[PDB]
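**Student:** Protein sequence lines, in the order shown, are assigned to chains S and R. Number 772 marks the last residue of the first sequence (my numbering); no jumps. Number 1509 marks the last residue of the second sequence (my numbering); no jumps.
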Amino acid sequence: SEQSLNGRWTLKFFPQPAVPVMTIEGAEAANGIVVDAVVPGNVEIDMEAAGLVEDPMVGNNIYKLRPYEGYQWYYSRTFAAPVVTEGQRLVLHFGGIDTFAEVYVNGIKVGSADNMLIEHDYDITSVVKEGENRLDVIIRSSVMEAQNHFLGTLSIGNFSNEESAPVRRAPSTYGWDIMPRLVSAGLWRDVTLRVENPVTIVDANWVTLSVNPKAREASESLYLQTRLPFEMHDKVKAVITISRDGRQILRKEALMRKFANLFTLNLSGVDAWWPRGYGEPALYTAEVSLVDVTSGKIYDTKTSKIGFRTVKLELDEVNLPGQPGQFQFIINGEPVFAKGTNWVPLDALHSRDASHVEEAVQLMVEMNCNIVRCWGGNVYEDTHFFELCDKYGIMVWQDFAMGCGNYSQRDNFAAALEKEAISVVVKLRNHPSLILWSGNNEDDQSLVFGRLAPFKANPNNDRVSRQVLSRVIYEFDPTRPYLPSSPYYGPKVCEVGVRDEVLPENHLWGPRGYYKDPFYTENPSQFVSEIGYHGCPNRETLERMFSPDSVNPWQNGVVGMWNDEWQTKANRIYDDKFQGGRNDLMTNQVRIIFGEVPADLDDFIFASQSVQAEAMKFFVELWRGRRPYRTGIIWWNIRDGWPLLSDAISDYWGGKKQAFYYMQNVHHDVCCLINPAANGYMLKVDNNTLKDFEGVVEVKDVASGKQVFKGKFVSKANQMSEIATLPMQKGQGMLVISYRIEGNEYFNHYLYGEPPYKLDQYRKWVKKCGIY
Amino acid sequence: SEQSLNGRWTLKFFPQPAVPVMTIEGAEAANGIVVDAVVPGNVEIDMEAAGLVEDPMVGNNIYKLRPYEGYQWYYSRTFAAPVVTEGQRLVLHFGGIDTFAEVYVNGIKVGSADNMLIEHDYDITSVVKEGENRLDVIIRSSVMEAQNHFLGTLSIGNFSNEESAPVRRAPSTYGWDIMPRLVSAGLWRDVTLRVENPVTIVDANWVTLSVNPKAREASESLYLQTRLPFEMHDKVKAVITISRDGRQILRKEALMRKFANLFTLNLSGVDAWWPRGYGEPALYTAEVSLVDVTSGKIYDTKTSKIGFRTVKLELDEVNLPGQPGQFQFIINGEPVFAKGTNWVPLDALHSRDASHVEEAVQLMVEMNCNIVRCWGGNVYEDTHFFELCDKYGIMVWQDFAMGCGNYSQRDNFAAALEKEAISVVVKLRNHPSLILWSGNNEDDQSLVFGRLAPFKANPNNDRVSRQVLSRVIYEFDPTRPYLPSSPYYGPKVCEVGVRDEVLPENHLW
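What follows is the structure, given as structure tokens:
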């Protein structure tokens, strides 16, 4: 049925001439180097395996891949065609081509590719031959393709590279603060051969109309579209089976009289799908088969795991004085508080993304996040990531691949984007974890705040984010809410002016200074979808990613002066030399908190990690603590996609920073947290479950050992409760909160006082706490 | 670098058959009269110089040009191709073709023209040959081209001629109260040959973000787009120089790492640009060059005179009793009173417009006008007109070349109009005198007041004025206000009814 073309290919690369090569004769006549290639894979990996490129993850070797951005790649292989009977179709499927390519089978052009993100399918039934057949893909330079378009004023000067605007690729591949500039090329996803019967299932869409969690009942609809010859009309029946493990719940057989039908299923004894903490992620195996009525032949079969859930978004785009707006997620008729992480690319070389999926999903399970926001600068994740999210009950907020920039309003861009959006929506609409579609990341912020700020442009007139994607979602997925842009500058916002006070949801970056500044504590946004603080990686990562002489951050021993490699790893997209920049954020924060920047490397690492951990823990507690007004916090990020110095709490090679352990003790389902008050500190308990729990909480000072508070608490379901108010303690110190719920003991801590602190005293307090 | 094809051409004209001639063999086989022609020029001027047409400016001689509106015009010339090295491009540029034509170089078609108001550029690098080369342009009748379209009820009965609606020409050429009916045809603007290096500047947009007149400071942005071979990446630097007279004010050098960049310039000792009476029209010479880092070769250079000014329009759509509206121009943060004249075509034979520009602009200097409104029935003026307005501090209010009628809502017209609008906006966006873009002239007035008045049509549903044109300005020129129609019948006006009392701005005839 399916034959995989993955394995060993032949790769020939040559510099791209003035007129790009688009034929097999031109590719064969060009002068280039021939090396063995592995599919799926990137050309950089294949070049490294041939001893032509040094490891780009060490030092300044990333800048030595610049000359290869103007090369042309020619992949070739010989395959044996499967035996195809009369009426069957042979389909060549490429999971991903990067980016512009012309596919040729037996010397005949079967199609062309111009989108990196979506899948490509070609019908090669007529062109195949008996015996060996030859497949050849000629890839052009993506950087030089951007010069074929005229760019408007909106598309120049944004954070996203100008080369990214006219083409459809991942914006982060061109360079970002969090990711290196690795344009790359190649067949980064699987290539397979498929044989389809004349009767086949083009699409099956499972839609949950209603779910009654208490009665264990749900109503499901199946929209099935098939390819059906007329001679097979009324002679084919559709068998629909829903089962849990091996036990069967519902079986329905219906004769197929039309190519497209809608089947209504009323189920009983079915449990609803819940995110983490609010319930169990119940998944049921839904299978639809096309079976002949006379004989028993099965023409086609499609199987997937589905969950019964309803998602609604309460949106009021303006917080006016006295008129609070709203941004809250309603799952199964119950409001939920979202605590989770932004998901940035798992690797600069995207062909290695599939191997890192399980480890990163396990990281999010360990942190106990109930939501992930797929960043707009990343490619669309494959099916395995969404299957894991379904299994572990983590809701997914998906961004279309546009971010930090404005795009063309002309027809050619819209046609390409509509095709890509239709493909993605049909691909990813059956996963219960996916709850929201978002138009872009920070595109409205770029226009309102940026180089065109004084001209007061209106983001609501954007065609791309408000006419194309909205229409696609309206036609192909009406069951999910759609958000035009991540910082939503709606029509009502523009009437009263754009500012942080009128945004129910906003990204809080701004001045990355004392975490306890009024910019963060007094921000009125009910939902924050991007917030983070810089932190220095562990010593092992530093030694692995930096030359032996460059391990020490200081240049010539001068504190505060970064050497060339350290400056590169902050992320300089282009090889130019300057002092300061993004790296200065780490030293400024350390100086504000601990007074002085330590000269020793280990002490500097400890100080930076402690500052990041304290800032991140303080931010999550402030939002969870101030509920019911606050409705969610999606922080930045849980893992880095390249060895770099960044805001991630875990690095590329799995090393966990101190922020990971601190933030783990503030993501618990029932958490006792201390928040600042006008006089003293106030102890509170937050519940993100649907149940009631009771327990004993004790608070004592780490240094003196005096017990500040001790009592019993009762936590109501899905609410933040007030326990007691603690008297203000004198000077600087740590209070250790220890709570036992249902025979399990959990611990947390609070740092009281005012900066600057003493690093030795802070280390002593942390060691005496013993929780880290 | 540039070679001019202007001069003496050969013109053959013949009546257009039932099937219009579109090939060189058909044009040469037709029976016609051969006369010498001068480019730039109109066919009527060339015919007059041959003693075939009486002077149309005297008496009723204008009506004797009617039979020539159904003729076909074939212009021909032989040119010597410049020497072109490897990687260089040879570009054929026509400043204006009137109107529908098929251009053929050495017997090979290189393109087609269907817009009189915009420039046409063709790449003829491959088709040229050593020695003499032949250029031939075959022009078809503009009047008979209007019969290939089906007209809606909106496009019939308006003051503008029905033949003007489907095609893209100057509406006044078909007849107006102020202008004679003289359709004419020909190459009315310059024809030139350009040689471009592989590294060249496609566009340089100077934008003034802020200006502080008192501190003599301003912030300027340069959006540069270039053609850059990959082998030349990081080996080309952009040299930006801003100077007044010979004195240099700012010089910035930046390495070119991508084809499109945005450069931010913070200037001091720079004076703001003011209209007449409110100050001095200070102009500074802004030049950008692409220079190789290793050697000193200069691949390309663009030079222009720019002024530092900010323009805002305070607009309130409706004048209500007790709630007055607003229609005011704010220049450099100050409200200004605009007194000036509408600019109507300088000549019916548009190839003579360039000679009248200097004399006509001096009229507005003597009158001391501080604003000119370019009428919608006229062609778009050339660069020289706007340079004079910059020098003398006269603000320009430009109308898109549609007026006194309603146009098609279908896709074919929208695509043609969008192509024209982009070309015009990119051409004229760097002139400090240009302060406002207007959608049309009296198009809302024609629909509301006219043959379809009793049916109470809503002008706010017009596709051309409020969707196609506003989107082009939104993308290619966000620094200038846009007015959907010259008499603006906004959504608020239609709610309370369309009357002279509720219009903050109106035409009073």
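Ideal placement from N, C-alpha and C gives every residue a C-beta, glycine not left out.
With DSSP as the reference, please indicate the residues paired to S:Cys-389 in a beta bridge.
**Tutor:** Position 389 of the first sequence, counted from the first residue, corresponds to residue 389 of chain S. In the DSSP output, where bridge partners are listed per residue, S:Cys-389 has none listed.
**Student:** Which residues, taken in chain order from the stretch 127-152 of chain S, show a beta carbon closer than 9 Å to some beta carbon of chain R?
**Tutor:** From the stretch 127-152 of chain S, only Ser-141, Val-143, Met-144, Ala-146, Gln-147, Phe-150, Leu-151 and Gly-152 have a Cβ closer than 9 Å to chain R.
**Student:** Against R:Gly-1087, what residues of chain S qualify as contacts under a CB-to-CB distance less than 9 Å, listed in chain order?
**Tutor:** Residue 1087 of chain R sits at position 87 when you count from the first residue of the second sequence. The answer, in chain order, is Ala-18.
**Student:** Between S:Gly-70 and chain R, is any beta-carbon pair separated by less than 8 Å?
**Tutor:** Here the question's residue 70 of chain S lines up with position 70 in the first sequence. Chain R contact via Cβ: present.
**Student:** Would you check if the distance between the CB atom of S:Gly-70 and the CB atom of S:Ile-573 is smaller than 8 Å?
**Tutor:** Your numbering for residue 70 of chain S matches position 70 in the first sequence. Your numbering for residue 573 of chain S matches position 573 in the first sequence. No; because the gap between Cβ atoms is not below 8 Å, this pair is not in contact.
**Student:** Give me the DSSP bridge partner(s) of S:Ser-304.
**Tutor:** The count along the first sequence starts at 1 and reaches residue 304 of chain S at position 304. Beta-bridge annotation (DSSP): S:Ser-304 is paired with S:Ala-286.
**Student:** Going by the beta-carbon positions, is the gap between S:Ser-351 and S:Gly-41 smaller than 8 Å?
**Tutor:** As a first step, residue 351 of chain S must be located in the first sequence, where it is residue number 351. As a first step, residue 41 of chain S must be located in the first sequence, where it is residue number 41. For S:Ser-351 and S:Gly-41, yes; Cβs fall inside 8 Å.
**Student:** With which residues is R:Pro-1432 paired in a DSSP beta bridge?
**Tutor:** Counted from its first residue, the second sequence places residue 1432 of chain R at position 432. Paired residue(s): none; R:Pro-1432 is not in a bridge.
**Student:** Beta strand (DSSP E) containing S:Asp-114: first to last residue?
**Tutor:** Sequence index remark: in the first sequence, residue 114 of chain S carries index 114 (1-based). Counting along the chain, S:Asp-114 falls outside any beta strand (DSSP E), and DSSP gives it neither H nor E.
**Student:** Grouping DSSP H, G and I as helix and E and B as strand, with all else coil, what is residue 983 of chain R?
**Tutor:** Because chain R in this structure spans residues 1001 to 1509, residue 983 of chain R falls outside the shown range and cannot be described.
**Student:** Quick one, which residues of the stretch 1472-1484 of chain R are near chain S if we go by CB-CB under 8 Å, in chain order?
**Tutor:** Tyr-1474, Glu-1475, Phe-1476, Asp-1477, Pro-1478 and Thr-1479
**Student:** Quick check: what's the CA-CA separation for S:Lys-129 versus S:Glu-25?
**Tutor:** Residue mapping note: residue 129 of chain S aligns to position 129 of the first sequence, counting from 1. Residue mapping note: residue 25 of chain S aligns to position 25 of the first sequence, counting from 1. Cα to Cα, S:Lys-129 sits roughly 20 Å from S:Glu-25.
**Student:** What does S:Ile-156 touch in chain R if you count any residue whose Cβ is under 8 Å from its own?
**Tutor:** Position 156 of the first sequence, counting from 1, holds the residue named residue 156 of chain S. Simply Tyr-1223, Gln-1225, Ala-1260, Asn-1261 and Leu-1262.
**Student:** Run the proximity test for S:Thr-631: is its beta-carbon closer than 7 Å to any non-hydrogen atom belonging to the ligand NAD?
**Tutor:** Absence of the ligand NAD is noted for the structure shown, with no ligands found whatsoever.
**Student:** Here's a check: name, in chain order, each residue in its chain whose Cβ is nearer than 6 Å to the Cβ of S:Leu-11, leaving out the five neighbours to either side.
**Tutor:** Taking the first sequence and counting its residues from 1, the one referred to as residue 11 of chain S is at position 11. Correct list, in chain order: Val-35, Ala-37, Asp-46 and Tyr-75.
**Student:** Measure the C-alpha to C-alpha separation of S:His-120 and S:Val-318 and round it to an integer number of angstroms.
**Tutor:** The residue labelled residue 120 of chain S in the question sits at position 120 within the first sequence. The residue labelled residue 318 of chain S in the question sits at position 318 within the first sequence. Going from the Cα of S:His-120 to the Cα of S:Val-318 covers about 42 Å.
**Student:** Fully enclosed by the stretch 142-223 of chain S, which beta strand (DSSP E) runs are 3 residues long or longer?
**Tutor:** 191-196 and 200-212
**Student:** Would you report the Cα separation of R:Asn-1342 and R:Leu-1503, rounded to the nearest angstrom?
**Tutor:** To locate residue 1342 of chain R, count along the second sequence from 1; it is residue 342. To locate residue 1503 of chain R, count along the second sequence from 1; it is residue 503. Roughly 20 Å separates the two Cα atoms.
**Student:** Mind the definition here: the stretch 638-648 of chain S touches the stretch 730-750 of chain S only if three or more C-beta pairs lie below 8 Å; say whether that holds.
**Tutor:** no
**Student:** Please decide whether R:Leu-1209 counts as near chain S, where near means a Cβ-Cβ distance under 8 Å.
**Tutor:** Within the second sequence, numbered from 1, the residue matching residue 1209 of chain R stands at position 209. At least one chain S Cβ lies under 8 Å of R:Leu-1209.
**Student:** Just reading off the beta strand (DSSP E) that S:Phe-13 is part of, what are its end residues?
**Tutor:** The count along the first sequence starts at 1 and reaches residue 13 of chain S at position 13. First-last of the beta strand (DSSP E) with S:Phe-13: 7-15.
**Student:** One question on the structure: do S:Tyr-681 and S:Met-728 come within less than 8 Å of each other, judged by their Cβ atoms?
**Tutor:** The residue given as residue 681 of chain S occupies position 681 in the first sequence. The residue given as residue 728 of chain S occupies position 728 in the first sequence. Contact flag set, yes.
**Student:** Name the residues in the stretch 529-546 of chain S whose C-beta lies less than 7 Å from a C-beta of chain R; which are they?
**Tutor:** none
**Student:** In the stretch 602-684 of chain S, which residue ranges form an unbroken alpha helix (DSSP H) of at least 4 residues, counting only runs that do not cross its ends?
**Tutor:** 658-664
**Student:** How would you list, in chain order, the residues of chain R whose beta-carbon sits under 8 Å from the beta-carbon of S:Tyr-574?
**Tutor:** In the first sequence, residue 574 of chain S corresponds to position 574, counting from 1. Correct list: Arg-1257.
**Student:** Three-state secondary structure (DSSP) at residue 815 of chain S?
**Tutor:** Outside the shown range of chain S (1 to 772) lies residue 815 of chain S, about which nothing can therefore be said.
**Student:** I need the DSSP call for S:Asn-370, collapsed to helix, strand or coil.
**Tutor:** Within the first sequence, the letter at position 370 stands for residue 370 of chain S. Assigned with DSSP and collapsed to three states, S:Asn-370 falls in coil, not helix or strand.
**Student:** Alpha carbon to alpha carbon, how far is S:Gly-269 from S:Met-720? Give it in angstroms, no decimals.
**Tutor:** Translated into positions along the first sequence, residue 720 of chain S becomes position 720. Translated into positions along the first sequence, residue 269 of chain S becomes position 269. Rounded to whole angstroms, S:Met-720 to S:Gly-269 spans 33 Å at the Cα level.
**Student:** In this structure, does DSSP put R:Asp-1036 in helix, strand or coil?
**Tutor:** Along the second sequence, read from residue 1 onward, the residue named residue 1036 of chain R stands at position 36. If DSSP states are grouped into helix, strand and coil, R:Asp-1036 belongs with the strands.
**Student:** On the DSSP letters alone, give me the boundaries of the alpha helix (DSSP H) that R:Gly-1026 sits inside.
**Tutor:** One-based indexing of the second sequence puts residue 1026 of chain R at position 26. For R:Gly-1026, the enclosing alpha helix (DSSP H) has its first and last residue at 1024-1029.
**Student:** Would you check if there are 3 or more beta carbon pairs closer than 8 Å linking the stretch 289-307 of chain S to the stretch 326-337 of chain S?
**Tutor:** no
**Student:** With a threshold of 8 Å between beta-carbons, can R:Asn-1368 be considered close to chain S, or not?
**Tutor:** Here residue 1368 of chain R corresponds to residue number 368 of the second sequence, with the count starting at 1. By this cut-off, R:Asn-1368 is not an interface position.
**Student:** Within the continuous alpha helix (DSSP H) that includes S:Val-472, where are the two ends?
**Tutor:** Position 472 of the first sequence, counting from 1, holds the residue named residue 472 of chain S. Residues 469-476.
**Student:** Is it right to say S:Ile-531 is buried, meaning 16 or more other beta carbons lie within 10 angstroms of its own, or is it exposed?
**Tutor:** For the purposes of this step, residue 531 of chain S is taken as the residue at position 531 of the first sequence. Buried, since its Cβ has 16 or more Cβ neighbours within 10 Å.
**Student:** In terms of residue numbering, what span does the alpha helix (DSSP H) encompassing S:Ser-446 cover?
**Tutor:** Here residue 446 of chain S is taken as the residue at index 446 of the first sequence, counted from 1. First-last of the alpha helix (DSSP H) with S:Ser-446: 443-448.
**Student:** Which one or two residues does DSSP pair with R:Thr-1125 in a beta bridge?
**Tutor:** The residue labelled residue 1125 of chain R in the question sits at position 125 within the second sequence. According to DSSP, R:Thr-1125 bridges with nothing at all.
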